[PDB]
């Protein structure tokens, strides 16, 4: 329960080798590997479900909107970003039906507000592809009504249950510190995530 983590990592990295796609061009290989390592903390059942659905986690060597598949987002303002002067050209990751992540932009504040980019975006894909939009469920709505402001960002996370779901998931899986902070701040959300993975 603490003594065999190497096996869980081995399995999840094997799964991730069948999900993660590295980009053409030049980028920091050690940082890309660090992102894969952090994703390996996510429960294997979710990662294997993404793999079954042929979801690829595309790591990017440049801006999101410079990829052909996301060019339609050039100049477009993300929800909740009205009034900022910023657009998707400035945003380093996206998740949902697909996952795309700029290498080097994991940490909070690297163009985004999540505790970790790759876990937040992948959580969106798990919500949508694996869990049938569980962030829209009546069960989660009740939890969100109570706890959805308690990770901060009250006018964004506290208003959009899919974002609160993705941020809570990132806290649950990033490290022991964030996991404990979620348990303290958002106990029903923590229990909800613990039971999903049982």
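Residue numbers count along the first chain shown, from 1.
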query: Segment of higher mean CA temperature factor, 35-43 or 63-71; finding: 63-71
query: Comparing 142-150 with 162-170, the one whose average Cα B-factor in the PDB entry is higher; finding: 142-150
query: Modelled-residue ranking by C-alpha temperature factor, third containing residue 188; finding: middle
query: Residue 108, C-alpha B-factor rank within chain (lowest, middle or highest third); finding: lowest
query: Position of residue 12 among the chain's modelled residues by C-alpha B-factor, lowest, middle or highest third; finding: lowest
query: Third of chain Cα B-factors occupied by residue 30; finding: middle
query: Third assignment of residue 82 from its chain's C-alpha B-factors; finding: highest
